[PDB]
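Read through the structure below, which is laid out as structure tokens, and then see the notes.
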Amino acid sequence: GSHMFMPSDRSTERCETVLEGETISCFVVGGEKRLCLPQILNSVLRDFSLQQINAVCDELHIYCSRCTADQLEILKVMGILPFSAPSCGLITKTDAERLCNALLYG
């Protein structure tokens, strides 16, 4: 058992937010919505190269976190990711908005 060692709460539900016209699934962590990165890359930023996206993320000091086992499962149950997805990155709402703004406009 891990509970006796005082583990932190895990994600138990998902939510969503609208990013540049697309509804993206998220998990609230630390008071901020964390957006499913693959979903963004496959929709709002579908026509941008991963090289450019990555380059701009670095310039904006955007850190992409990794889905916990619980978050990965929830996204799969929601049909957002295939059941065979090995992992999934997350990006904060603020970071995602700035990234899309930098790429889509100006």
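Order determines the names: the first chain of the structure tokens is A, the second B, and so forth; residues in each chain are numbered 1 upward, and ligands are numbered 1 upward as they are shown.
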List every residue of chain A that DSSP, applied to the backbone of this structure, places in helix (DSSP H, G or I), and write the result as a PyMOL selection string.
chain A and resi 3-5+37-41+50-59+69-77+93-104
Next, write the just-selected residues to a file, as a PDB file, in the first residue's frame, keeping C-alpha atoms as the atom set.
ATOM      1  CA  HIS A   3      -1.515   5.395   1.318  1.00  0.00           C
ATOM      2  CA  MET A   4       0.328   4.951   4.623  1.00  0.00           C
ATOM      3  CA  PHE A   5       3.116   7.129   3.213  1.00  0.00           C
ATOM      4  CA  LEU A  37      -0.971  18.431 -25.714  1.00  0.00           C
ATOM      5  CA  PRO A  38      -1.552  15.842 -28.481  1.00  0.00           C
ATOM      6  CA  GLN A  39      -5.093  17.141 -28.888  1.00  0.00           C
ATOM      7  CA  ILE A  40      -3.765  20.665 -29.485  1.00  0.00           C
ATOM      8  CA  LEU A  41      -1.036  19.481 -31.867  1.00  0.00           C
ATOM      9  CA  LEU A  50       6.803  20.013 -34.619  1.00  0.00           C
ATOM     10  CA  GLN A  51      10.184  21.676 -35.106  1.00  0.00           C
ATOM     11  CA  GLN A  52       8.629  25.145 -35.111  1.00  0.00           C
ATOM     12  CA  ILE A  53       6.201  24.359 -32.292  1.00  0.00           C
ATOM     13  CA  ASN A  54       9.061  23.016 -30.184  1.00  0.00           C
ATOM     14  CA  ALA A  55      11.269  26.008 -31.031  1.00  0.00           C
ATOM     15  CA  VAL A  56       8.605  28.503 -29.945  1.00  0.00           C
ATOM     16  CA  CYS A  57       7.815  26.523 -26.786  1.00  0.00           C
ATOM     17  CA  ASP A  58      11.456  26.773 -25.760  1.00  0.00           C
ATOM     18  CA  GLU A  59      11.528  30.513 -26.421  1.00  0.00           C
ATOM     19  CA  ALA A  69      -1.398   7.008 -14.955  1.00  0.00           C
ATOM     20  CA  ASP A  70      -4.786   8.280 -13.784  1.00  0.00           C
ATOM     21  CA  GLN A  71      -4.891  11.177 -16.221  1.00  0.00           C
ATOM     22  CA  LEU A  72      -3.839   8.948 -19.120  1.00  0.00           C
ATOM     23  CA  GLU A  73      -6.630   6.491 -18.268  1.00  0.00           C
ATOM     24  CA  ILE A  74      -9.273   9.213 -18.056  1.00  0.00           C
ATOM     25  CA  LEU A  75      -8.301  10.628 -21.456  1.00  0.00           C
ATOM     26  CA  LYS A  76      -8.517   7.142 -22.945  1.00  0.00           C
ATOM     27  CA  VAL A  77     -11.962   6.534 -21.431  1.00  0.00           C
ATOM     28  CA  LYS A  93      -3.879  26.903 -20.327  1.00  0.00           C
ATOM     29  CA  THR A  94      -1.828  30.111 -20.171  1.00  0.00           C
ATOM     30  CA  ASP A  95       1.139  28.541 -21.955  1.00  0.00           C
ATOM     31  CA  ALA A  96      -1.090  27.001 -24.622  1.00  0.00           C
ATOM     32  CA  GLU A  97      -2.782  30.342 -25.298  1.00  0.00           C
ATOM     33  CA  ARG A  98       0.547  32.149 -25.669  1.00  0.00           C
ATOM     34  CA  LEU A  99       1.980  29.394 -27.850  1.00  0.00           C
ATOM     35  CA  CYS A 100      -1.014  29.472 -30.200  1.00  0.00           C
ATOM     36  CA  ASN A 101      -0.983  33.259 -30.262  1.00  0.00           C
ATOM     37  CA  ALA A 102       2.705  33.329 -31.169  1.00  0.00           C
ATOM     38  CA  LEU A 103       2.217  30.779 -33.955  1.00  0.00           C
ATOM     39  CA  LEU A 104      -1.189  31.681 -35.395  1.00  0.00           C
TER      40      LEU A 104
END
From the options A:44, A:35, A:18, A:24, which residue's atoms come nearest to residue 88 in chain A, counting only C-alpha atoms?
A:35
Any idea what the distance is between CA of residue 47 in chain A and CA of residue 86 in chain A?
23.6 Å
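Nearest to residue 9 in chain A of all the residues A:68, A:81, A:21, A:26 is A:68, based on only C-alpha atoms.
When only C-alpha atoms are used to measure the gap to residue 23 in chain A, the shortest distance among A:63, A:83, A:43, A:48 belongs to A:43.
Across the model, the gap from CA of residue 12 in chain A to CA of residue 92 in chain A is 18.0 Å.
Between CA of residue 64 in chain A and CA of residue 85 in chain A the interatomic distance comes to 17.0 Å.
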Quick check for you: according to DSSP on this backbone, which residues of chain A are classed as strand (DSSP E or B)? Reply as a PDB file with C-alpha atoms, in the first residue's frame.
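Once everything was written out, this is part_22.pdb:
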ATOM      1  CA  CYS A  15     -12.794  19.270 -17.622  1.00  0.00           C
ATOM      2  CA  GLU A  16     -12.339  21.322 -20.769  1.00  0.00           C
ATOM      3  CA  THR A  17     -11.592  24.730 -22.208  1.00  0.00           C
ATOM      4  CA  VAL A  18     -11.827  26.412 -25.588  1.00  0.00           C
ATOM      5  CA  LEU A  19      -8.506  27.082 -27.317  1.00  0.00           C
ATOM      6  CA  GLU A  22     -11.322  23.928 -30.367  1.00  0.00           C
ATOM      7  CA  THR A  23     -12.572  22.300 -27.160  1.00  0.00           C
ATOM      8  CA  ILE A  24      -9.559  20.779 -25.409  1.00  0.00           C
ATOM      9  CA  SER A  25      -9.749  18.286 -22.537  1.00  0.00           C
ATOM     10  CA  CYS A  26      -7.865  19.235 -19.365  1.00  0.00           C
ATOM     11  CA  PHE A  27      -7.213  18.401 -15.730  1.00  0.00           C
ATOM     12  CA  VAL A  28      -7.043  21.074 -13.055  1.00  0.00           C
ATOM     13  CA  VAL A  29      -3.660  20.875 -11.347  1.00  0.00           C
ATOM     14  CA  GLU A  32      -4.555  25.813 -13.459  1.00  0.00           C
ATOM     15  CA  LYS A  33      -6.086  23.776 -16.268  1.00  0.00           C
ATOM     16  CA  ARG A  34      -3.568  21.436 -17.907  1.00  0.00           C
ATOM     17  CA  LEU A  35      -4.422  20.786 -21.565  1.00  0.00           C
ATOM     18  CA  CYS A  36      -3.957  17.555 -23.513  1.00  0.00           C
ATOM     19  CA  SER A  65       4.325  17.889 -18.065  1.00  0.00           C
ATOM     20  CA  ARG A  66       3.461  14.208 -18.393  1.00  0.00           C
ATOM     21  CA  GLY A  89       1.962  15.489 -22.440  1.00  0.00           C
ATOM     22  CA  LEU A  90       0.152  18.394 -20.794  1.00  0.00           C
ATOM     23  CA  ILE A  91       0.550  22.156 -21.183  1.00  0.00           C
ATOM     24  CA  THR A  92      -0.997  24.850 -18.959  1.00  0.00           C
TER      25      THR A  92
END
